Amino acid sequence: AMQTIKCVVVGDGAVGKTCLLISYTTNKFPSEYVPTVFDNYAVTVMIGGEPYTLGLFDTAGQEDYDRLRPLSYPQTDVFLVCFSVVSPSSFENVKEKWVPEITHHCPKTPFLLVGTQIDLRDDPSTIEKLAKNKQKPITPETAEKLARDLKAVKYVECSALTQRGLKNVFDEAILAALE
């Protein structure tokens, strides 16, 4: 009678989903980009004096796997819907793709809005690239408003690179799943 929790990670390609999963479980940041098809990892975790098995499911961000990805969805307890804070386009896809898609396949399943790559929010080289394309990074406030409108449990952000906010992301996911 070991208790189980299934957490599934989604969002645009190259947003950071695999790094954040690997940095959190393993404490190392993987330097080579290798696009995901599907993967899963498992971890033991204690909340309120009780152990749970936390299942973690990595998914493909790219559209070509659009009919493969929903096989990862059944029995999901909590979703992490991720976007990069330095990619407005990935932010937009949150509303247009990712939230509609998990709500359709898994009604009544909580999700968190996860801003990723926050370390890059102050990198001038990054600010410069967005600037040439008439863009800026996403501010916490802006993301928080979207999280409200789409009925996310809450908004959280992290860097898989610095591990800042990383633990708290998963803390929040667990709590969201047991509420």
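Numbering starts at 1 and follows the sequence shown.
Trainee: Averaging the C-alpha B factors as listed in the entry, name the stretch that ends up higher: 148-156 or 123-131.
Mentor: According to the entry, 123-131 carries the higher average C-alpha B-factor.
Trainee: Quick one: higher average CA temperature factor, 31-39 or 49-57?
Mentor: The stretch with the larger average C-alpha B-factor is 31-39.
Trainee: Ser87's Cα B-factor: lowest, middle or highest third of the chain?
Mentor: Middle third by C-alpha B-factor.
Trainee: When the deposited Cα B-factors of this chain's modelled residues are ordered and cut into thirds, is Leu20 in the lowest, the middle or the highest one?
Mentor: CA B-factor rank for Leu20: middle third.
Trainee: Per the entry's values, where does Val169 land by CA temperature factor relative to the rest of its chain, in the lowest, middle or highest third?
Mentor: Tercile = highest for this residue's CA B-factor.
Trainee: Within this chain, which third does the Cα B-factor at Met2 fall in: lowest, middle or highest?
Mentor: CA B-factor rank for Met2: highest third.
Trainee: Among the modelled residues of its chain, does the C-alpha B-factor of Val114 lie in the lowest, middle or highest third?
Mentor: Bottom third by C-alpha B-factor.
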